[PDB]
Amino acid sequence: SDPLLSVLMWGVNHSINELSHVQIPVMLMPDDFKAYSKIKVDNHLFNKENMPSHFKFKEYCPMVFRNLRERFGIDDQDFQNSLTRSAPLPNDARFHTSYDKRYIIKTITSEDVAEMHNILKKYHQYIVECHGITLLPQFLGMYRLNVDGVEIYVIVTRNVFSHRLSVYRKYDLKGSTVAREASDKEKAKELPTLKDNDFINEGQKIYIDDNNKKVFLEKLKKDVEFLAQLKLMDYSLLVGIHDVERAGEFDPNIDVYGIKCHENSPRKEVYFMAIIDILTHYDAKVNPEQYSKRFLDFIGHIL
């Protein structure tokens, strides 16, 4: 097994257990956005079967993230179970998904962590204002893991895709001026990741009613403008299509990004659409304000 994974599981278990003893108030204080809990474990000639002997686990702003979970309709006991009852599964930036497919666990940089801290309060207030109804990533936990030498940072989000319904096609859309296209090595996977021109070449249509579309684009408008005002760019719309005829009703309380196709759709389809990859990443590298309108226009045209 992966020792970083077992520290993550141990840590989330420890985190949620600790919070079960902490009183939940309705409001956050400015200090909650600067808070953390740190635990350092040293086992000498003990418990080698389960845990590395020397590890650290640090949770950033535990009260804020608990408040976010609640606002996103997520119970702490359930969150704990999803992350701990069985190991998260790998995919290959690399990521894991909880065994029940409800949550995504992504390894991030210390720079991403700094950026998340920078936006956390404004992010929180935005979620308050929209009552948790948003196409933004739903940030549920943020941690630092140390296992004798190696140090990693992780963030946990709600899965954009369904926890039951399988996805047969997936798009990552930015709407950029610079040409975007998938590679053939990716094509060879069971579920590849297609891009802008794949969509605007294979004549992909999304069959949703005018009401669903209006609601979606209203939501997208606000989300994107919030991202713009934080000077964030290079995020994508993730789009996943579930084909009912191959594998089809979903729970909107769990698969919160799902939209049914309208009645005249050529095939029985369910769409899963959300914004992803919102943090900067100074390892990769035209302005944020331009990026947003450009992103908003493209999604307008394709839908």
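By rigid core we mean the largest C-alpha set that fits within 1.5 Å across both forms. Quick note: we count residues from 1 along the sequence shown, nothing fancier.
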- Query: After a core fit, does 227 to 235 or 184 to 192 show the bigger CA gap to the shown form in 7 other deposited structures of this protein?
  - Reply: 184 to 192
- Item | At least a third of the other entries leave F295 unmodelled | no
- Task: Determine, among the other compared PDB entries that model residues flanking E151, whether at least a third leave it unmodelled.
- Result: no
- Query: What number of residues from the deposited sequence go unmodelled in the gap from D92 to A93, classed as none, 1 to 3, 4 to 9, or 10 or more?
  - Reply: 4 to 9
- Item | Interval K285-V286, deposited residues with no coordinates in the entry (none, 1 to 3, 4 to 9, 10 or more) | 10 or more
- Task: Could you check the entry and say whether 38 to 46 or 249 to 257 has the higher mean CA B-factor?
- Result: 249 to 257
- As the entry reports it, the stretch among 22 to 30 and 57 to 65 with higher mean C-alpha B factor is 22 to 30
- Of the choices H124, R180, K222, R71, which one's C-alpha carries the largest B-factor in the record? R180
- Tell me which of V150, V215, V128, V154 tops the list for C-alpha B factor in the record. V150
- Task: Classify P88 as lowest, middle or highest third according to the C-alpha B-factor given in the PDB entry, relative to its own chain.
- Result: middle
- Message: Split into thirds by Cα B-factor across the chain's modelled residues, where does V270 land: lowest, middle or highest?
- Response: middle
- Please place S176 in the lowest, middle or highest third of its chain by C-alpha B factor as given in the entry. highest
- Note on the structure: Entry-reported C-alpha B-factor of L296 relative to its chain, by third, is highest
- Item | For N146, the third of its chain into which the C-alpha B factor falls | middle
